[PDB]
Structures are given as C-alpha cells and as structure tokens.
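We begin with a single chain expressed as structure tokens, specifically the form deposited in one PDB entry.
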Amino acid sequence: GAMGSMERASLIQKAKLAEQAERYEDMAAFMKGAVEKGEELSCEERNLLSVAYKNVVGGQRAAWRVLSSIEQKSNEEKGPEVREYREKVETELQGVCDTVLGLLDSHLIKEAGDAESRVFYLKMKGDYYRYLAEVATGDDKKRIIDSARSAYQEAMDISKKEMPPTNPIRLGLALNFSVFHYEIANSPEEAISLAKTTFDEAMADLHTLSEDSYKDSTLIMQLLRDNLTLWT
C-alpha cells in the first residue's frame, strides 16, 4: 500500500497530526497503514482508527441523506442528475465501508486479545454493516442486515460476560445495537427494551464506573436516555 514504506510509529504520529489538522481522510489512510503492519492496536490507537473512519463515513452519510431527500422529493408529484450524483456518493460510501470491514476481517478481528478489543472490533463490524444497510437494496440488503446483527450479537455476548455494565465500549455497543434495531431492523420494541435494560443495569451497578473512563460512560448513558425519550 501507499503507507508500506513508513514506520508504524511514524504512521501513528501522523494520524495524530492529521486529527489535529482535521484531515480525517489522511488520518484514516495513516491508520490503515498502521493496521497493515500486522500488530495489534492499543486502546488509544483504536480511538484514532475509529475517529478517522467515522469522520469520513459520517460526512458521506450526511451527504447521501441530503441527496436522497432531494431525490425522494423529486419523485413525488426530472433529469437523471440527482439520482446519478446520489449513486456516486453512495458508491464512495460503500467503498469506505468495504475498506473498514476488510481491515476488520483481514487484520483486527481475532480469536484472542482482551475483551475490550474483541468487543470494540465486533461493534465496529456491526456499525459499518449498518452504514451499508442504510443505503442497501434487495438481495444485497438482506445479507447486510444479517451480517450487522450477527456482529452486534457476538459483541453483546462477550460484553455481558466480560465487562462491567458501565464499561463505555459495552454501553456504546448497546447504544448502537439499539439504533440498529430501531432504524434498520424495524424492531422498535427490541430497540427500546435493549436501551432501557442497558441504562437501568448501568445505573444499578453505577459503582463500576472507571476513573479513567467515567465521563464516556455517563455520556452514553445520557444518549440511551435521549433515544428512549425520543422513542417513547
């Protein structure tokens, strides 16, 4: 790859510079090059990888939604341009999701390693299948939704066995799974019961908050609350 000749440590350094510069495509490329060195990522490096790719696909998702809304409104009561450009953005978005999922499958998702990394990467697999499912149609789409659900479920099982109920990866995973249930799977009740179970169980064991981590935990707990307020 284009990062093949750069040292891993230099790639990490440059991803951090790219984050400070708000250069998230560069950031993602640096982190892909770092993953391709074939060594595990630390918690901090997982954050770099996550932030970079989420920023990239987030801008694509937002663009896609704008164009899709224009497209649907031009299909109620003339030329091909809106559809074409929406397809162009859609294709790039799928390309970024394919890249992330390929990294997860080729390099990151392993049998061993700690529960944090195993849960995080399976959560990430669920997320990027979910983003593919937001734009999918037909025979492609059914297999995508099953893929997202199975990744999320495997992460859920590990998280419930191996992490405290306030752990921010466990909470973030449950938050994102509930979003999948509501927005993708058309299962509002499953989404609501998962969000409420997650919030309540975090509150019941609030003493398990970690001092290097509790701000993230309580942030997700509030986001579960906002979704429950939205959904009820």
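The first residue of the sequence shown is number 1, and the count goes up from there. We call the rigid core whatever largest set of C-alpha positions still superposes within 1.5 Å between the two forms.
For this session: Tell whether, across the other compared PDB entries, at least a third have no coordinates for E77.
Result: Missing in at least a third of the others, so yes.
Exercise. How many residues that are in the deposited sequence but not in the model lie between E77 and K78: none, 1 to 3, 4 to 9, or 10 or more?
Worked result: The entry has a gap there, with 4 to 9 residues left out between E77 and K78.
Exercise. For the stretches 154 to 162 and 138 to 146, which has the higher mean C-alpha B-factor as given in the deposited record?
Worked result: Averaged over C-alpha atoms, the B-factors run higher in 138 to 146.
Exercise. Comparing 190 to 198 with 44 to 52, which stretch shows the greater average C-alpha B-factor in the deposited entry?
Worked result: That would be 190 to 198.
Exercise. Which is it among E81, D127, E90, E116: the one with the largest CA B-factor in the entry?
Worked result: Result of the comparison over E81, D127, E90, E116: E116.
Exercise. When you compare the CA B-factors of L122, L108, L101, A112 as listed in the entry, which one comes out on top?
Worked result: So the option with the highest C-alpha B-factor is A112.
Problem set entry | Relative C-alpha B-factor of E36, binned into the chain's lowest, middle or highest third | CA B-factor rank for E36: middle third.
For this session: Compare the C-alpha B factor of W64 with those of the other modelled residues in its chain, then answer lowest, middle or highest third.
Result: It belongs to the lowest third of the chain when residues are ordered by C-alpha B-factor.
Exercise. Considering only modelled residues of the same chain, in which third does the CA B-factor of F177 rank: lowest, middle or highest?
Worked result: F177: CA B-factor falls in the middle third of its chain.
Exercise. Can you tell me which third, lowest, middle or highest, the CA B-factor of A29 falls into for its chain?
Worked result: Its C-alpha B-factor, which the entry lists for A29, ranks in the lowest third among residues of this chain.
For this session: State the tercile, meaning the lowest, middle or highest third, of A204 with respect to the CA B-factors recorded for its chain.
Result: Ranked within chain, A204 CA B lands in the highest tercile.
Another form exists, deposited in another entry; not displayed. Remarks below refer to it.
For this session: After fitting the rigid core, tell me which of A18, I12, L209, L224 has its Cα displaced by at least 2 Å between this form and the one not shown.
Result: Single residue meeting the criterion: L209.
Problem set entry | Rigid core superposition, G102 Cα moves 2 angstroms or more between this form and the one not shown | No.
Problem set entry | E111 C-alpha shift between this form and the one not shown of 2 Å or more, rigid core reference | Yes; that C-alpha moves by at least 2 Å between this form and the one not shown.
Exercise. Given that the distance between the C-alpha atoms of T208 and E154 changes by 3 Å or more in the other entry, do they end up closer or farther than here?
Worked result: Farther: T208 and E154 separate by 3 Å or more in the other entry.
Exercise. Once you compare with this form, do the C-alpha atoms of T208 and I158 lie closer or farther in the other entry, given a change of 3 Å or more?
Worked result: Farther: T208 and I158 separate by 3 Å or more in the other entry.
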